[PDB]
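This report concerns only the one structure given below.
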Amino acid sequence: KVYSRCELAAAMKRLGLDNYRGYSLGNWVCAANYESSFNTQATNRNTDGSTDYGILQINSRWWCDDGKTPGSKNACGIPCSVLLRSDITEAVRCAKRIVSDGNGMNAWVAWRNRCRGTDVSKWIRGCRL
Amino acid sequence: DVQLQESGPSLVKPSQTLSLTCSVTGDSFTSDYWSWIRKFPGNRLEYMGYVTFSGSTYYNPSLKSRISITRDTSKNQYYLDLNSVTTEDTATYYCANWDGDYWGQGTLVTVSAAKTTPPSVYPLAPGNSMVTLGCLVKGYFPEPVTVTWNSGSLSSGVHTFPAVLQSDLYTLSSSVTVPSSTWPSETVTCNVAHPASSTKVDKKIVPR
Amino acid sequence: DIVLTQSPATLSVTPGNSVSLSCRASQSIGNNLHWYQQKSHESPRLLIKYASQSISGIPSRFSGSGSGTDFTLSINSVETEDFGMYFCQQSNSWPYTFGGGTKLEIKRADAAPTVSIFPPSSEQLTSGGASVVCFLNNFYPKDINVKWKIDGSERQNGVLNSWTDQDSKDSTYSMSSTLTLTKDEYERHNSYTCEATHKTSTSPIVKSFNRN
Ligand SMILES: [Cl-]
């Protein structure tokens with residue numbers, strides 16, 4: 001599924017990401033933009049045999065099990081296929097674990113490069129929240 | 001399965017470091033985040049902190065800079081070290097994983113300068129189809145004591161009351177109710193142990 | 001820090017009936033609210049996560065609802081095994097915080113305490129002390145008063161009281177009261193009485209013994 005900006009903002013808000021651990025809702029919409037272009041089925045294979053999955057491009061090295069990433073963890077306790085669902089509940093649950101690490105949203109390199117320190121409130125302008 | 005067990009001292013003096021350990025079974029340890037929580041009297045729960053598999057930590061600002069939570073990856077163990085404790089750190093300490101699926105048993109820690117002292121155990125015999133007997137456990141410190149009746153063979157109809165502190169010594173009592181046809185003809189004995197003082201006493205309840 | 005306010009403080013429920021418990025947050029926390037049960041002498045157990053998400057192995061009669069500042073835990077068809085403390089916990093903001101807890105009590109028929117009095121043991125008297133003990137056992141509801149008398153006059157000093165949590169098998173409560181004197185003072189008086197005042201009668205239940 002490819003979400004529209006506002007559709008995604010509304011779902012993220014229902015799933016408790018507005019001001020989760022200090023990060024406003026716009027941060028999560030912005031991150032989803034530059035990670036996946038709002039696409040829940042997006043995947044990217046990295047050089048170490050891991051793959052990034054779904055709308056927030058969660059990496060299979062640490063966070064989810066795809067059964068094909070060497071010397072890996074499954075910190076979120078889920079198959080990576082659950083991060084390819086149109087319903088983002090499981091992605092959001094895993095993202096909350098990730099962001100509750102010391103690194104915060106600095107886990108998402110695209111967020112750091114394109115979102116961090118910018119007026120992220122633009123990403124929720126005009127939306128029915 | 002993932003099972004947790006706390007260990008460490010039940011008595012620490014003010015200004016010493018409180019050091020607890022949480023030992024974890026299974027293969028999840030290096031993948032999870034690991035927490036400490038404590039419970040004060042009046043059902044007041046405090047989230048102390050957690051450590052992540054990357055080494056990050058979050059600590060409750062209430063603890064200032066006294067707390068460290070660390071892991072040993074190579075032993076599936078993690079640690080709480082709380083410096084400069086005071087009587088306000090007296091609590092039941094629990095380890096748990098971050099999402100709350102797995103909890104240890106809780107371990108009571110008393111912070112006090114009071115002297116460890118063994119209990120005196122006194123029989124309670126009366127001065128109906130059922131008769132009540134009891135034991136009185138006095139003059140000990142710190143908690144806990146364990147009380148059983150007939151080495152745990154007599155479990156039903158037992159009330160062992162929470163210990164009460166007066167002048168740095170605890171008092172605890174236990175009652176047991178047995179059929180009148182069973183006592184005094186069968187023996188009833190309460191078994192009291194106080195680990196802190198390494199004492200074990202059996203007190204037979206004898207008719208007076 | 002985020003303050004979580006639970007209400008009511010205590011719920012009294014007949015098994016088979018349903019109940020709900022409230023948790024209110026001082027700021028909006030989205031869905032980032034988790035419910036725990038803590039039974040007597042056990043660790044907290046997670047019942048519901050992220051406001052409404054069910055947990056493997058928890059009975060379907062537990063459910064959770066709410067969002068923002070206002071959250072509700074519902075228990076359909078309450079069972080005796082559900083007695084204990086319920087706590088909400090938020091994970092929206094560091095530091096994580098807990099509500100002050102709601103106690104779930106099982107309702108049952110009123111029952112008068114069974115009262116028993118015991119004199120000081122030979123063993124204690126030999127060490128120089130004298131405790132008189134009174135058990136007020138297996139009563140309901142929980143509120144009770146004990147008053148001690150020596151030779152018919154009320155005695156207020158040297159009394160230590162202790163109370164059990166609700167019994168897991170019969171839903172009653174118990175109390176122990178110990179009057180501690182010096183052996184010399186004990187041997188100056190003749191009768192020792194504990195009196196239990198409980199809802200079940202206008203007259204207290206009195207037990208006495210007469211020294212040696
Ligand atoms: Cl989770």
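Numbering starts fresh at 1 for the residues of each chain in the structure tokens, the chains themselves are lettered A, B, ... in the order given, and ligands are numbered from 1 as they appear.
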
Worksheet item: Can I get the residues close to ligand 1 as a PyMOL selection string, where close means within 10 Å and we count only C-alpha atoms and all ligand atoms?
Response: (chain A and resi 75-77+90+92-97) or (chain B and resi 98-101) or (chain C and resi 49-50)

Residues of chain C at most 7 Å from chain A: nearest atom pair and distance in Å, only C-alpha atoms, as JSON lines:
```
{"residue": "C:29", "atom": "CA", "partner": "A:16", "partner_atom": "CA", "distance": 6.9}
{"residue": "C:30", "atom": "CA", "partner": "A:16", "partner_atom": "CA", "distance": 4.1}
{"residue": "C:31", "atom": "CA", "partner": "A:16", "partner_atom": "CA", "distance": 4.8}
{"residue": "C:32", "atom": "CA", "partner": "A:16", "partner_atom": "CA", "distance": 6.2}
{"residue": "C:92", "atom": "CA", "partner": "A:20", "partner_atom": "CA", "distance": 5.1}
{"residue": "C:93", "atom": "CA", "partner": "A:21", "partner_atom": "CA", "distance": 4.9}
{"residue": "C:94", "atom": "CA", "partner": "A:21", "partner_atom": "CA", "distance": 6.7}
```

May I have the selected residues written with N, CA and C atoms, as a JSON list (two decimals), in the first residue's frame?
```json
[["chain", "number", "residue", "atom", "x", "y", "z"],
["C", 29, "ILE", "N", -0.94, 10.80, 25.83],
["C", 29, "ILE", "CA", 0.06, 9.73, 25.61],
["C", 29, "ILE", "C", -0.32, 8.81, 24.47],
["C", 30, "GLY", "N", -1.20, 9.26, 23.58],
["C", 30, "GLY", "CA", -1.54, 8.48, 22.38],
["C", 30, "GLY", "C", -2.23, 7.16, 22.72],
["C", 31, "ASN", "N", -1.61, 6.05, 22.33],
["C", 31, "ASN", "CA", -2.01, 4.72, 22.77],
["C", 31, "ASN", "C", -0.98, 4.09, 23.74],
["C", 32, "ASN", "N", -0.04, 4.89, 24.28],
["C", 32, "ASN", "CA", 1.17, 4.33, 24.91],
["C", 32, "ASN", "C", 0.94, 4.05, 26.39],
["C", 92, "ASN", "N", 5.08, 6.65, 26.80],
["C", 92, "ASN", "CA", 5.16, 7.76, 25.86],
["C", 92, "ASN", "C", 6.39, 8.61, 26.08],
["C", 93, "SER", "N", 6.69, 8.90, 27.33],
["C", 93, "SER", "CA", 7.74, 9.79, 27.73],
["C", 93, "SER", "C", 8.60, 9.17, 28.82],
["C", 94, "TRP", "N", 9.91, 9.40, 28.70],
["C", 94, "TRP", "CA", 10.85, 9.04, 29.72],
["C", 94, "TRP", "C", 10.83, 10.14, 30.81]]
```

Can you check which parts of chain B lie within 8 Å of chain A? Per residue, the shortest pair of atoms and distance in Å to one decimal, counting only C-alpha atoms, sorted by chain and number, as JSON lines.
```
{"residue": "B:31", "atom": "CA", "partner": "A:75", "partner_atom": "CA", "distance": 4.8}
{"residue": "B:32", "atom": "CA", "partner": "A:75", "partner_atom": "CA", "distance": 5.9}
{"residue": "B:52", "atom": "CA", "partner": "A:101", "partner_atom": "CA", "distance": 6.3}
{"residue": "B:54", "atom": "CA", "partner": "A:101", "partner_atom": "CA", "distance": 7.7}
{"residue": "B:56", "atom": "CA", "partner": "A:102", "partner_atom": "CA", "distance": 4.8}
{"residue": "B:57", "atom": "CA", "partner": "A:102", "partner_atom": "CA", "distance": 6.6}
{"residue": "B:58", "atom": "CA", "partner": "A:102", "partner_atom": "CA", "distance": 7.7}
```

Item to complete: Could you list, as an MDAnalysis selection string, the residues of chain B having an atom within 6 Å of chain C when counting only C-alpha atoms?
Response: chainID B and resid 47 60 105 124 126 161

Would you export the selected residues with N, CA, C and O atoms as an mmCIF file, in the first residue's frame, please?
```
data_model
loop_
_atom_site.group_PDB
_atom_site.id
_atom_site.type_symbol
_atom_site.label_atom_id
_atom_site.label_comp_id
_atom_site.auth_asym_id
_atom_site.auth_seq_id
_atom_site.Cartn_x
_atom_site.Cartn_y
_atom_site.Cartn_z
ATOM 1 N N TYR B 47 9.715 3.180 37.905
ATOM 2 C CA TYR B 47 10.489 2.591 36.825
ATOM 3 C C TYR B 47 11.900 3.147 37.015
ATOM 4 O O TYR B 47 12.055 4.348 36.984
ATOM 5 N N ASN B 60 15.755 6.933 35.535
ATOM 6 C CA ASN B 60 14.808 7.845 36.149
ATOM 7 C C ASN B 60 15.569 9.014 36.789
ATOM 8 O O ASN B 60 16.477 8.781 37.594
ATOM 9 N N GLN B 105 10.994 -12.387 40.327
ATOM 10 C CA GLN B 105 10.101 -12.629 41.471
ATOM 11 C C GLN B 105 9.998 -11.413 42.365
ATOM 12 O O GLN B 105 9.132 -11.342 43.205
ATOM 13 N N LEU B 124 2.042 -20.279 71.061
ATOM 14 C CA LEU B 124 0.745 -19.753 71.461
ATOM 15 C C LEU B 124 -0.252 -20.889 71.603
ATOM 16 O O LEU B 124 -0.752 -21.428 70.609
ATOM 17 N N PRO B 126 -3.820 -22.204 73.820
ATOM 18 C CA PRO B 126 -4.959 -21.617 74.526
ATOM 19 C C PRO B 126 -4.798 -21.668 76.070
ATOM 20 O O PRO B 126 -4.222 -22.632 76.582
ATOM 21 N N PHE B 161 1.006 -13.430 59.478
ATOM 22 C CA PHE B 161 0.729 -11.998 59.367
ATOM 23 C C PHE B 161 1.976 -11.214 58.952
ATOM 24 O O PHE B 161 3.074 -11.609 59.287
#
```

Worksheet item: So which residues of segment 94-180 of chain B fall under strand (DSSP E) by DSSP, listed as an NGL selection string?
Response: :B and (94-97 or 107-111 or 120-124 or 130-140 or 146-149 or 158-160 or 164-166 or 169-179)

Written file, previous selection with C-alpha atoms, as a PDB file, in the first residue's frame:
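Output (again_26.pdb):
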```pdb
ATOM      1  CA  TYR B  94      12.098  -6.371  40.235  1.00  0.00           C
ATOM      2  CA  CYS B  95      13.832  -7.117  36.983  1.00  0.00           C
ATOM      3  CA  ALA B  96      11.777  -7.203  33.798  1.00  0.00           C
ATOM      4  CA  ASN B  97      12.254  -6.982  30.082  1.00  0.00           C
ATOM      5  CA  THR B 107      13.646  -9.190  45.923  1.00  0.00           C
ATOM      6  CA  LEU B 108      13.100  -7.202  49.156  1.00  0.00           C
ATOM      7  CA  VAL B 109      16.020  -4.888  50.029  1.00  0.00           C
ATOM      8  CA  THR B 110      16.128  -3.109  53.368  1.00  0.00           C
ATOM      9  CA  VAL B 111      18.430  -0.110  53.766  1.00  0.00           C
ATOM     10  CA  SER B 120      12.797 -15.446  69.733  1.00  0.00           C
ATOM     11  CA  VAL B 121       9.959 -17.898  68.875  1.00  0.00           C
ATOM     12  CA  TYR B 122       7.172 -18.350  71.410  1.00  0.00           C
ATOM     13  CA  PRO B 123       4.363 -20.889  71.339  1.00  0.00           C
ATOM     14  CA  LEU B 124       0.745 -19.753  71.461  1.00  0.00           C
ATOM     15  CA  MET B 130     -11.693 -26.604  65.453  1.00  0.00           C
ATOM     16  CA  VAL B 131      -8.925 -25.135  67.693  1.00  0.00           C
ATOM     17  CA  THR B 132      -6.583 -22.242  66.936  1.00  0.00           C
ATOM     18  CA  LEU B 133      -2.920 -22.307  67.884  1.00  0.00           C
ATOM     19  CA  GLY B 134      -0.090 -20.013  67.035  1.00  0.00           C
ATOM     20  CA  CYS B 135       3.459 -18.836  67.140  1.00  0.00           C
ATOM     21  CA  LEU B 136       4.871 -15.480  68.025  1.00  0.00           C
ATOM     22  CA  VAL B 137       8.183 -14.503  66.394  1.00  0.00           C
ATOM     23  CA  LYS B 138       9.786 -11.512  68.135  1.00  0.00           C
ATOM     24  CA  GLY B 139      12.832  -9.343  68.344  1.00  0.00           C
ATOM     25  CA  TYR B 140      14.435  -9.941  64.949  1.00  0.00           C
ATOM     26  CA  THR B 146       9.864 -17.968  56.911  1.00  0.00           C
ATOM     27  CA  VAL B 147       7.211 -19.674  59.042  1.00  0.00           C
ATOM     28  CA  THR B 148       5.769 -23.148  58.346  1.00  0.00           C
ATOM     29  CA  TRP B 149       3.752 -25.562  60.433  1.00  0.00           C
ATOM     30  CA  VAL B 158      -2.754 -20.921  58.281  1.00  0.00           C
ATOM     31  CA  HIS B 159      -2.498 -17.121  58.643  1.00  0.00           C
ATOM     32  CA  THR B 160       1.019 -15.724  58.772  1.00  0.00           C
ATOM     33  CA  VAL B 164       5.617  -5.064  62.002  1.00  0.00           C
ATOM     34  CA  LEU B 165       8.648  -2.940  62.922  1.00  0.00           C
ATOM     35  CA  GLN B 166       8.987  -1.262  66.331  1.00  0.00           C
ATOM     36  CA  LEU B 169      12.963  -5.038  65.690  1.00  0.00           C
ATOM     37  CA  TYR B 170      10.242  -6.989  63.944  1.00  0.00           C
ATOM     38  CA  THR B 171       7.308  -8.897  65.323  1.00  0.00           C
ATOM     39  CA  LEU B 172       5.480 -11.473  63.285  1.00  0.00           C
ATOM     40  CA  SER B 173       2.736 -13.918  64.275  1.00  0.00           C
ATOM     41  CA  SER B 174       1.223 -16.984  62.693  1.00  0.00           C
ATOM     42  CA  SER B 175      -2.021 -18.779  63.459  1.00  0.00           C
ATOM     43  CA  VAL B 176      -3.088 -22.267  62.517  1.00  0.00           C
ATOM     44  CA  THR B 177      -6.426 -23.919  62.955  1.00  0.00           C
ATOM     45  CA  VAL B 178      -6.670 -27.695  63.284  1.00  0.00           C
ATOM     46  CA  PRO B 179      -9.382 -30.095  64.330  1.00  0.00           C
TER      47      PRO B 179
END
```

Practice prompt. Just the residues within 10 Å of residue 114 of chain B, please, counting only C-alpha atoms, with nothing from its chain fewer than 5 positions along; format it as an MDAnalysis selection string.
Written response: chainID B and resid 11:13 141:142 167:169

Expected file: the selected residues, N, CA and C atoms, as a PDB file, in the first residue's frame:
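selection.pdb, freshly written:
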```pdb
ATOM      1  N   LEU B  11      19.888  -6.897  53.013  1.00  0.00           N
ATOM      2  CA  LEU B  11      20.189  -5.774  53.906  1.00  0.00           C
ATOM      3  C   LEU B  11      21.463  -5.030  53.488  1.00  0.00           C
ATOM      4  N   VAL B  12      21.365  -3.712  53.308  1.00  0.00           N
ATOM      5  CA  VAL B  12      22.472  -2.839  52.918  1.00  0.00           C
ATOM      6  C   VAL B  12      22.468  -1.687  53.913  1.00  0.00           C
ATOM      7  N   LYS B  13      23.640  -1.154  54.256  1.00  0.00           N
ATOM      8  CA  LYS B  13      23.701  -0.010  55.172  1.00  0.00           C
ATOM      9  C   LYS B  13      23.627   1.300  54.394  1.00  0.00           C
ATOM     10  N   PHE B 141      15.717  -8.822  63.261  1.00  0.00           N
ATOM     11  CA  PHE B 141      15.966  -7.885  62.185  1.00  0.00           C
ATOM     12  C   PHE B 141      17.057  -8.433  61.276  1.00  0.00           C
ATOM     13  N   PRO B 142      17.015  -8.223  59.959  1.00  0.00           N
ATOM     14  CA  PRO B 142      15.955  -7.609  59.180  1.00  0.00           C
ATOM     15  C   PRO B 142      14.919  -8.658  58.783  1.00  0.00           C
ATOM     16  N   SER B 167      10.967  -0.053  67.071  1.00  0.00           N
ATOM     17  CA  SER B 167      12.308   0.139  67.653  1.00  0.00           C
ATOM     18  C   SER B 167      13.384  -0.741  66.987  1.00  0.00           C
ATOM     19  N   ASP B 168      13.346  -0.801  65.653  1.00  0.00           N
ATOM     20  CA  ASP B 168      14.289  -1.584  64.829  1.00  0.00           C
ATOM     21  C   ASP B 168      14.288  -3.095  65.037  1.00  0.00           C
ATOM     22  N   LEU B 169      13.167  -3.614  65.542  1.00  0.00           N
ATOM     23  CA  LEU B 169      12.963  -5.038  65.690  1.00  0.00           C
ATOM     24  C   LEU B 169      11.587  -5.389  65.168  1.00  0.00           C
TER      25      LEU B 169
END
```
